[PDB]
Amino acid sequence: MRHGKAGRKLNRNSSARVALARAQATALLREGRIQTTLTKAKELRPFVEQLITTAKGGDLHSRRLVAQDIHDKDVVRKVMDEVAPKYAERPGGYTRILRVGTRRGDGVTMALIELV
Amino acid sequence: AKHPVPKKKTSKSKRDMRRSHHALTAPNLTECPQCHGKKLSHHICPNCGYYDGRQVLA
Amino acid sequence: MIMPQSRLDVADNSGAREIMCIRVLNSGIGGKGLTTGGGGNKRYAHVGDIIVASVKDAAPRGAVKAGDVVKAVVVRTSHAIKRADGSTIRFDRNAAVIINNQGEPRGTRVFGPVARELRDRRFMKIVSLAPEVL
Amino acid sequence: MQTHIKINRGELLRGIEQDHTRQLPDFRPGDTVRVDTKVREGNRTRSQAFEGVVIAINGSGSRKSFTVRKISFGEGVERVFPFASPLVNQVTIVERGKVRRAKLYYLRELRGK
Amino acid sequence: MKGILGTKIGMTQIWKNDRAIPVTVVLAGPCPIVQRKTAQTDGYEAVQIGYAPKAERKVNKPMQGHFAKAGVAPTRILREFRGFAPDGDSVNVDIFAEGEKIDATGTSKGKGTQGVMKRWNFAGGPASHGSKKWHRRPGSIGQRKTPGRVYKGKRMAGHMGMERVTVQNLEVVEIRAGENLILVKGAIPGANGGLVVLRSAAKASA
RNA sequence: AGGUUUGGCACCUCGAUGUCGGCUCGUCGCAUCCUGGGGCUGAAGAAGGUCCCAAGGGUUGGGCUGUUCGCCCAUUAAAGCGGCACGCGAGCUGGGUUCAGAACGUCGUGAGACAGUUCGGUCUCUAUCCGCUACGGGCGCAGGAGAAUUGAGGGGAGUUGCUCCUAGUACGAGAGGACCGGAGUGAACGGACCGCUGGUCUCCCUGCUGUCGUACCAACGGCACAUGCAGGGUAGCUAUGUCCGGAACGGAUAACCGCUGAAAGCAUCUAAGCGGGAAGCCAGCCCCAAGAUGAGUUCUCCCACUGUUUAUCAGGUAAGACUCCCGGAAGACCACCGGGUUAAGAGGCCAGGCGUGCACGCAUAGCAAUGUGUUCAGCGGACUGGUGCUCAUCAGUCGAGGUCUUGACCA
RNA sequence: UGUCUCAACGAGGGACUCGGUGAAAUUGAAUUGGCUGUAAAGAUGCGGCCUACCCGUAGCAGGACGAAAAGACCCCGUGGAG
RNA sequence: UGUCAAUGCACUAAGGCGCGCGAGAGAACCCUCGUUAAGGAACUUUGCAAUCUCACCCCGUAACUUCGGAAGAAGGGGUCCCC
RNA sequence: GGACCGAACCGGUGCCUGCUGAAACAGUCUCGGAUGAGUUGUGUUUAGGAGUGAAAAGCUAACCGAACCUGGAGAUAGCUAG
RNA sequence: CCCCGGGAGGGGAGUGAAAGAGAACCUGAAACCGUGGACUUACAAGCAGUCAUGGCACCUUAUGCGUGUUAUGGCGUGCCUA
Ligand SMILES: CC[C@H]1OC(=O)/C=C/[C@H](C)[C@@H](O[C@@H]2O[C@H](C)C[C@H](N(C)C)[C@H]2O)[C@@H](C)C[C@@H](C)C(=O)/C=C/[C@H]2O[C@@H]2[C@]1(O)CO[C@@H]1O[C@H](C)[C@@H](O)[C@@H](OC)[C@H]1OC
Ligand SMILES: [Mg+2]
Ligand SMILES: [Mg+2]
Ligand SMILES: [Mg+2]
Ligand SMILES: [Mg+2]
Ligand SMILES: [Mg+2]
Ligand SMILES: [Mg+2]
Ligand SMILES: [Mg+2]
Ligand SMILES: [Mg+2]
Ligand SMILES: [Mg+2]
Ligand SMILES: [Mg+2]
Ligand SMILES: [Mg+2]
Ligand SMILES: [Mg+2]
Ligand SMILES: [Mg+2]
Ligand SMILES: [Mg+2]
Ligand SMILES: [Mg+2]
Ligand SMILES: [Mg+2]
Ligand SMILES: [Mg+2]
Ligand SMILES: [Mg+2]
Ligand SMILES: [Mg+2]
Ligand SMILES: [Mg+2]
Ligand SMILES: [Mg+2]
Ligand SMILES: [Mg+2]
Ligand SMILES: [Mg+2]
Ligand SMILES: [Mg+2]
Ligand SMILES: [Mg+2]
Ligand SMILES: [Mg+2]
Ligand SMILES: [Mg+2]
Ligand SMILES: [Mg+2]
Ligand SMILES: [Mg+2]
Ligand SMILES: [Mg+2]
Ligand SMILES: [Mg+2]
Ligand SMILES: [Mg+2]
Ligand SMILES: [Mg+2]
Ligand SMILES: [Mg+2]
Ligand SMILES: [Mg+2]
Ligand SMILES: [Mg+2]
Ligand SMILES: [Mg+2]
Ligand SMILES: [Mg+2]
Ligand SMILES: [Mg+2]
Ligand SMILES: [Mg+2]
Ligand SMILES: [Mg+2]
Ligand SMILES: [Mg+2]
Ligand SMILES: [Mg+2]
Ligand SMILES: [Mg+2]
Ligand SMILES: [Mg+2]
Ligand SMILES: [Mg+2]
Ligand SMILES: [Mg+2]
Ligand SMILES: [Mg+2]
Ligand SMILES: [Mg+2]
Ligand SMILES: [Mg+2]
Ligand SMILES: [Mg+2]
Ligand SMILES: [Mg+2]
Ligand SMILES: [Mg+2]
Ligand SMILES: [Mg+2]
Ligand SMILES: [Mg+2]
Ligand SMILES: [Mg+2]
Ligand SMILES: [Mg+2]
Ligand SMILES: [Mg+2]
Ligand SMILES: [Mg+2]
Ligand SMILES: [Mg+2]
Ligand SMILES: [Mg+2]
Ligand SMILES: [Mg+2]
Ligand SMILES: [Mg+2]
Ligand SMILES: [Mg+2]
Ligand SMILES: [Mg+2]
Ligand SMILES: [Mg+2]
Ligand SMILES: [Mg+2]
Ligand SMILES: [Mg+2]
Ligand SMILES: [Mg+2]
Ligand SMILES: [Mg+2]
Ligand SMILES: [Mg+2]
Ligand SMILES: [Mg+2]
Ligand SMILES: [Mg+2]
Ligand SMILES: [Mg+2]
Ligand SMILES: [Mg+2]
Ligand SMILES: [Mg+2]
Ligand SMILES: [Mg+2]
Ligand SMILES: [Mg+2]
Ligand SMILES: [Mg+2]
Ligand SMILES: [Mg+2]
Ligand SMILES: [Mg+2]
Ligand SMILES: [Mg+2]
Ligand SMILES: [Mg+2]
Ligand SMILES: [Mg+2]
Ligand SMILES: [Mg+2]
Ligand SMILES: [Mg+2]
Ligand SMILES: [Mg+2]
Ligand SMILES: [Mg+2]
Ligand SMILES: [Mg+2]
Ligand SMILES: [Mg+2]
Ligand SMILES: [Mg+2]
Ligand SMILES: [Mg+2]
Ligand SMILES: [Mg+2]
Ligand SMILES: [Mg+2]
Ligand SMILES: [Mg+2]
Ligand SMILES: [Mg+2]
Ligand SMILES: [Mg+2]
Ligand SMILES: [Mg+2]
Ligand SMILES: [Mg+2]
Ligand SMILES: [Mg+2]
Ligand SMILES: [Mg+2]
Ligand SMILES: [Mg+2]
Ligand SMILES: [Mg+2]
Ligand SMILES: [Mg+2]
Ligand SMILES: [Mg+2]
Ligand SMILES: [Mg+2]
Ligand SMILES: [Mg+2]
């Protein structure tokens with residue numbers, strides 16, 4: 001049974017679940033938009049949304065919080081001093097997804113997730 | 001050998017009997033409003049890349 | 001939740017140090033003494049219930065030696081005992097008090113607290129001997 | 001299948017529950033006297049008191065409770081009071097404790113001085 | 001006899017003369033009489049009462065004209081109550097009296113496809129001493145050739161929960177009539193936010 | 001009489017019908033262990049004996065032994081007897097006896113043997129059909145649709161103690177000690193539920209070690225499990241935790257008890273007739289149910305479109321669905337429920353609750369390990385609302401024109 | 001001390017759904033129900049009576065005297081070998 | 001690097017690899033795991049299995065003996081950081 | 001020191017898992033030896049009623065109470081099938 | 001030479017009596033897989049046939065004549081071996 005849910009196991013253990021959502025947040029932040037499986041995108045959406053909301057605070061604490069997950073110093077810098085400040089007057093919804101059909105090899109359906 | 005095993009070979013009729021359920025569903029394709037090609041719903045028109053505006057290359 | 005095989009401590013000077021229960025009864029003290037049982041299937045001893053038990057260990061210079069079968073009433077569960085207002089109780093160790101077939105304690109005194117529920121089930125003298133009816 | 005009435009079940013529960021909620025002195029894992037009423041002894045209303053360390057606090061509203069642990073004649077005891085239980089008179093802070101975690105069950109198997 | 005519809009809101013702690021009482025809170029929101037079933041017209045006596053409102057933009061034309069003939073706003077939910085003959089509309093007010101016993105019907109929380117241990121209390125096999133029947137796994141289902149089928153109605157893995165369920169002779173602890181709140185002792189079937197019917201205790205005590 | 005024992009016989013099975021016991025799961029008989037109703041008694045009461053009716057439900061936990069049995073412990077209303085391939089190994093054990101090793105006793109010159117005794121010793125991932133539990137698709141149910149429903153029939157349930165009142169009464173020299181009716185509280189079992197008490201809660205919060213890294217310090221991340229370890233822990237799920245249940249009334253019956261009563265001028269419960277009478281039968285309680293093809297009933301909706309004897313039935317549409325999208329205390333898939341811009345569905349954002357237990361940074365005290373303040377701090381999964389910041393875009397598929405006969409009412 | 005009363009919650013790997021590749025043992029043919037009876041003596045397939053719309057998917061193991069090895073026990077052969 | 005020592009264990013350097021189907025779902029059941037109220041062998045043929053124990057210091061250590069041993073008997077204590 | 005603990009190494013104790021396997025004997029866990037009657041490489045010698053064997057009728061090229069291959073040979077088959 | 005295709009494969013054109021021989025190259029049976037059409041089947045119990053009758057369909061050993069299919073009724077225990 002499962003009448004309350006944090007998201008997905010994907011098909012991975014606690015350690016990986018994390019390492020993935022971290023890496024994919026890092027790439028969407030470095031890259032503005034990326035396409036991946038529709039699932040992994042839906043799973044990415046709130047992690048990265050909350051991450052930008054953390055960095056939106058400006059003080060050293062929020063930067064060190066972001067450093068906890070985005071372990072590449074330049075992406076954290078960009079999110080801190082570039083992207084979050086831009087999202088200043090935006091109350092969430094930093095992120096959007098749109099779906100782009102189906103893949104050849106596994107016949108899986110990819111989609112794009114991009115900064116708003 | 002193989003604990004459970006089947007008893008008599010199944011009939012040409014009953015075998016196609018079970019299969020009355022494997023027909024594929026055709027996509028509900030629709031006409032893209034800008035590229036004048038066909039596209040899956042709630043996805044991005046592959047031909048022109050458009051999705052109200054235009055997101056993907058080519 | 002006392003059940004057969006589970007070893008209790010004795011809260012009386014009756015001379016057992018600790019018993020091991022071997023049955024779980026129904027135990028109305030009931031004007032002619034203890035009642036006959038209330039069904040042969042009850043599974044768990046609670047505070048206030050009576051149990052049969054072997055006496056696995058005993059005081060040298062006893063009134064009650066090792067190996068006597070005996071009937072003790074239970075007075076301290078590690079199990080929570082909840083109450084009509086909402087409160088719960090619970091003691092660090094399970095313990096009982098050996099008693100005769102009219103229910104009265106066999107020792108001269110009880111040792112440690114006893115659950116107020118003993119007063120509920122008319123165990124007058126056990127309640128009277130104990131230092132605190134918690 | 002389930003009704004979809006527009007409803008804040010939050011505040012429906014809150015109205016019920018606030019009629020039977022009661023606030024107490026601010027303790028926090030260090031010890032106190034719970035003075036309380038045993039109507040339970042006969043038709044008379046005897047009084048009795050439990051002084052012990054507070055080893056946890058749980059819930060909120062009707063449901064909030066706190067847990068005292070004392071030693072009576074050698075055997076340890078713990079008890080669980082609803083703040084709003086009618087069989088509870090006044091709590092009062094005997095002491096103030098410098099504890100370092102919300103729950104602090106480590107004193108179950110510490111019993112000493 | 002008496003009946004009404006409401007949503008299950010939750011369970012809490014209470015007191016009445018120093019007895020702690022678990023209670024389930026229920027919203028017996030006012031119900032409207034959409035249909036009246038005479039025997040002389042529909043072959044038996046009953047009343048069709050409605051519950052959770054919905055906006056007419058979501059109400060298709062046939063249901064619209066149903067509700068419209070009766071003069072009522074559209075309701076997401078409708079039910080019949082046998083032998084009721086109410087008037088005006090069926091509010092929980094006074095329809096239940098404090099301290100009444102009442103039959104509470106609801107819908108079991110849906111537990112999906114349960115095994116035999118969960119479903120029928122099987123208590124399958126030993127977890128050591130050497131099986132691969134450790135978990136559920138019923139033992140036998142028959143007895144060799146003797147009828148040589150397995151019995152109809154056999155207990156087996158299946159869909160547990162999601163059943164209709166009635167629990168009889170729950171007590172009415174409290175009635176906040178103006179709020180349309182009804183406080184009932186003990187548990188009621190199904191999850192919060194669900195539909196539930198309170199009706200007069202069908203097995204009235206002697 | 002039965003067919004559960006040992007047997008006779010040798011009928012199917014030697015191109016295989018796996019055998020003892022346990023476990024699991026049941027279900028049937030009744031020649032009834034308990035409960036329910038009766039007759040008789042060497043039946044005062046109580047406690048019994050024994051026979052008749054009765055198969056609804058119920059029928060405990062351990063020691064010894066492979067055991068089945070049986071003896072014992074401690075209970076019980078009772079601790080029933082049998083069938084079902086001595087039920088049940090494509091369901092599990094493998095303790096027992098029917099393989100190879102080895103030993104004792106015994107027999108045999110021997111090889112070897114057994115009525116024996118003893119330690120050891122491979123139990124075969126994929127269900128075709130039928131049968132069963134769950135779940136869908138199709139068609140049907142004389143138009144096409146959305147809902148509400150009668151209940152033919154079917155399933156579940158069905159146990160029992162203790163105490164108290166009657167009443168220290170009837171009864172009995174006494175000790176003792178009732179039926180009938182009326183209360184109350186338990187056990188076991190079951191259904192639902194998560195407020196309580198608890199369990200868990202694999203990354204929600206903290207603490208801790210080694211080592212590697214983000215240049216260094218400080219602060220963090222990885223690995224130590226598929227959580228490195230430890231301490232807590234919300235929603236959810238959950239029992240040992242709660243709440244509810246077994247019925248009352250009624251109809252026909254069993255043994256049996258009677259009324260009226262002949263044959264048979266008396267008598268007789270039966271020969272006609274009639275009443276009483278059980279945990280059993282039917283109904284009542286809960287659940288399912290019109291594929292009840294005998295396909296039922298009620299409220300509401302949409303309505304008479306179009307095509308030359310050539311394509312003859314199809315096609316645009318209505319009412320209304322469906323695909324698709326976002327979700328769900330729904331769920332393997334399907335199905336079911338909610339939302340989809342005339343929008344609070346979900347995420348996010350805000351506020352709150354709850355969990356953790358006082359953050360970083362700075363200051364300060366101290367030689368330092370650390371302590372103190374800023375700070376009930378900081379951080380925060382699943383909880384309660386609000387909010388148009390994100391996605392629920394745009395669209396496509398499908399879906400009525402109502403057969404005939406007979407009868408009544410109408411113009 | 002989950003072996004047990006008595007099982008719960010959580011994890012991962014399968015099992016389930018979609019896209020790719022795609023076996024096997026077995027198979028007289030099959031339009032392959034229940035009771036009772038009869039039959040070479042344990043009937044889907046004979047008789048009577050009941051029940052049952054067509055077709056799947058996930059699952060259970062009572063039947064199909066289920067599968068595997070022309071019984072290793074037993075007897076037989078004027079069979080064999082140590 | 002750490003840890004009495006070590007080719008042990010943990011993390012890691014150089015170096016080498018992620019094991020030639022993939023994506024979701026988060027039912028029964030099966031495997032390999034983590035925790036568990038009260039009870040603690042009542043399980044069973046048998047504590048089978050799985051817990052518990054666990055390294056190094058210190059104190060302490062029985063019947064019996066072939067005087068070597070039984071012996072790591074049994075049991076108790078310590079273990080971190082700083083001056 | 002046919003002493004102790006214990007890696008390598010040699011081994012194979014109990015349970016599970018595997019049973020149309022990853023594998024015609026294995027895997028994880030656990031367990032025995034671990035300076036000796038020890039482990040191992042290369043070269044070489046002994047064979048069919050024969051060799052070897054700290055001895056099970058074990059092993060003698062994946063099934064040894066007498067190996068494999070060819071041959072006598074279409075052995076013989078009071079037996080079963082057709 | 002031309003067309004669709006990365007190719008494979010094919011469709012034309014041309015040679016040839018013939019491509020109804022095209023290099024997966026004589027014939028090309030059957031099992032086995034498919035497409036289209038006639039007649040038909042979603043209340044039904046079945047060794048699958050057989051007899052009987054009605055319906056529908058077609059007429060090249062062929063208009064009383066059938067041939068194909070079908071509904072309902074009756075009847076009906078595969079083959080072989082032993
Ligand atoms: C399960 C393990 C093996 O089976 C058995 O032990 C036994 C199986 C049956 C039960 C038995 O039947 C019984 O006989 C009785 C005499 C009579 C009885 N009647 C009453 C029905 C009958 O039931 C036998 C004789 C049947 C017959 C077809 C046969 O000979 C099968 C042989 C082998 O395939 C099997 C295995 O599965 C192979 O497992 C092997 O195990 C090794 C350890 C592995 O290394 C591996 O080897 C590489 C693996 O594969 C080979
Ligand atoms: Mg996968
Ligand atoms: Mg780029
Ligand atoms: Mg924030
Ligand atoms: Mg602390
Ligand atoms: Mg559910
Ligand atoms: Mg179990
Ligand atoms: Mg079987
Ligand atoms: Mg049968
Ligand atoms: Mg016989
Ligand atoms: Mg004969
Ligand atoms: Mg055979
Ligand atoms: Mg035998
Ligand atoms: Mg009888
Ligand atoms: Mg009687
Ligand atoms: Mg009497
Ligand atoms: Mg017994
Ligand atoms: Mg013992
Ligand atoms: Mg029986
Ligand atoms: Mg027999
Ligand atoms: Mg048997
Ligand atoms: Mg088998
Ligand atoms: Mg054996
Ligand atoms: Mg001799
Ligand atoms: Mg052994
Ligand atoms: Mg064995
Ligand atoms: Mg498999
Ligand atoms: Mg109509
Ligand atoms: Mg009925
Ligand atoms: Mg029927
Ligand atoms: Mg009196
Ligand atoms: Mg009086
Ligand atoms: Mg008198
Ligand atoms: Mg009475
Ligand atoms: Mg219960
Ligand atoms: Mg239940
Ligand atoms: Mg909780
Ligand atoms: Mg953590
Ligand atoms: Mg660390
Ligand atoms: Mg540092
Ligand atoms: Mg690393
Ligand atoms: Mg590493
Ligand atoms: Mg933890
Ligand atoms: Mg008379
Ligand atoms: Mg009569
Ligand atoms: Mg009567
Ligand atoms: Mg009864
Ligand atoms: Mg009809
Ligand atoms: Mg038409
Ligand atoms: Mg429309
Ligand atoms: Mg929907
Ligand atoms: Mg919808
Ligand atoms: Mg918009
Ligand atoms: Mg809401
Ligand atoms: Mg608004
Ligand atoms: Mg907050
Ligand atoms: Mg200083
Ligand atoms: Mg985080
Ligand atoms: Mg689970
Ligand atoms: Mg899982
Ligand atoms: Mg059929
Ligand atoms: Mg016969
Ligand atoms: Mg038969
Ligand atoms: Mg036939
Ligand atoms: Mg038949
Ligand atoms: Mg039918
Ligand atoms: Mg199976
Ligand atoms: Mg067989
Ligand atoms: Mg033979
Ligand atoms: Mg011879
Ligand atoms: Mg080193
Ligand atoms: Mg190593
Ligand atoms: Mg290499
Ligand atoms: Mg704990
Ligand atoms: Mg102990
Ligand atoms: Mg036992
Ligand atoms: Mg035992
Ligand atoms: Mg034994
Ligand atoms: Mg062991
Ligand atoms: Mg000496
Ligand atoms: Mg010495
Ligand atoms: Mg010894
Ligand atoms: Mg030694
Ligand atoms: Mg040595
Ligand atoms: Mg060896
Ligand atoms: Mg090895
Ligand atoms: Mg050793
Ligand atoms: Mg040794
Ligand atoms: Mg020789
Ligand atoms: Mg060999
Ligand atoms: Mg080879
Ligand atoms: Mg040979
Ligand atoms: Mg020959
Ligand atoms: Mg010759
Ligand atoms: Mg010969
Ligand atoms: Mg070309
Ligand atoms: Mg070509
Ligand atoms: Mg050609
Ligand atoms: Mg040709
Ligand atoms: Mg060919
Ligand atoms: Mg070719
Ligand atoms: Mg070619
Ligand atoms: Mg030629
Ligand atoms: Mg050819
Ligand atoms: Mg066609
Ligand atoms: Mg065809
Ligand atoms: Mg028909
Ligand atoms: Mg026919």
query: Taking the Cα atoms of the range C:67-120, what is the range of coordinates along each of the three principal axes, in descending order and whole Å?
result: 38, 21, 18
Within a Gaussian network of chain E (alpha carbon springs, distance under 10 Å), most fluctuating of E:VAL172, E:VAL26, E:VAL116: E:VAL116
field: Across A:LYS42/E:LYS8; E:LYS54/E:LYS185; E:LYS8/E:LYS111; D:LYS6/E:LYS54; C:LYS82/E:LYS16; B:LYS9/E:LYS154, pairs whose alpha-carbon gap is larger than 21 Å
entry: A:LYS42/E:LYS8; E:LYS54/E:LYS185; B:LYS9/E:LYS154
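Per DSSP H run of n ≥ 4, the term is -39500 (n - 2.57); total these for the protein assembly as shown, divide by its residue number, and report the mean residue ellipticity at 222 nm rounded to 500 deg cm²/dmol.
For the protein assembly as shown, the value works out to -4500 deg cm²/dmol.
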task: May I ask you to derive the FRET efficiency for A:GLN50 and D:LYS38 from their Cβ-Cβ distance with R0 = 35 Å, giving the value to the nearest 0.05?
output: 0.10
statement: By the rule of no other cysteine beta carbon under 4.7 Å, the lone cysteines of the protein assembly as shown are C:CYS21, E:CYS31
field: Reference-scaled alpha-carbon Rg (2.2 N^0.38 Å with N residues) for chain B
entry: 2.22
message: Quick check: the angle from helix D:9-19's long axis to the longest principal axis of chain D, C-alpha only, nearest 10 degrees?
response: 50
Per-residue mean of C-beta atoms belonging to partner chains within 10 Å, peptide E:15-21: 6
- prompt: From the square roots a ≥ b ≥ c of the eigenvalues of the alpha-carbon gyration tensor of the range E:147-206, which class results: rounded (a/c under 1.5), prolate (a/b over b/c), or oblate?
  reply: prolate
query: Considering every residue in E:49-56, what mean count of other chain Cβ atoms within 10 Å of its Cβ is obtained?
result: 2
Cα-only radius of gyration and Dmax that characterise chain C, units Å: 13.6, 44
Cα-Cα pairs of the range E:1-132 separated by more than 20 Å (percent): 63
- prompt: Per residue, how much space in cubic angstrom lies within the convex hull of the C-alpha atoms of the range D:15-113?
  reply: 114
Relative packing of peptides B:17-27, E:124-134, E:48-58, C:5-15 - highest average C-beta neighbours within 10 Å first: C:5-15, E:48-58, E:124-134, B:17-27
- request: Sticking with the crude label model, points 7 Å out along Cα→Cβ, report the distance from C:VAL69 to C:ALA84 in nm, one decimal please.
  value: 3.7
- request: Please give the average number of partner chain Cβ atoms lying within 10 Å of the Cβ of each residue in A:100-113, rounded to a whole number.
  value: 2
message: Among E:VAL91, E:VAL59, E:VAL150, which one shows the highest mean-square fluctuation when chain E is modelled as a Gaussian network with alpha-carbon springs under 10 Å?
response: E:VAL150
- prompt: Taking a point 7 angstrom from the Cα of A:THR102 along the C-beta vector, which residues in the range B:6-35 have backbone N less than 16 Å away?
  reply: B:22-30
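Can you tell me the alpha carbon radius of gyration of the protein assembly as shown divided by the globular rule-of-thumb value 2.2 N^0.38 Å?
Values: Rg = 34.0 Å, N = 627, 2.2 N^0.38 = 25.4 Å.
Normalised by 2.2 N^0.38 Å, the Cα Rg of the protein assembly as shown equals 1.34.
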query: If only Cα atoms are counted, what is the Rg of the range A:44-116, and what is its Dmax, in Å?
result: 14.7, 46
query: Build a GNM of chain D with springs between Cα atoms under 10 Å: which of D:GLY42, D:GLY76, D:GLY59 gets the top mean-square fluctuation?
result: D:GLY42
query: log₁₀ I(q)/I(0) of the range E:56-206 at q = 0.09, 0.16, 0.18 Å⁻¹, via Debye over equal Cα point scatterers, no solvent, to two decimals?
result: -0.54, -1.04, -1.17
message: Starting from the 7 Å offset along Cα-to-Cβ, what nm value, one decimal, do you get for the label separation of C:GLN102 and B:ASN47?
response: 10.5
statement: Between A:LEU10 and B:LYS2, the two model label points (7 Å from Cα along the beta-carbon direction) sit apart by a distance in nm of 3.7
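A short reminder: the numbers here are calculations on the coordinates, not readings from a lab. Note: ideal-geometry Cβ built from the backbone for every residue, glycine included; neighbour counts use all protein chains shown.
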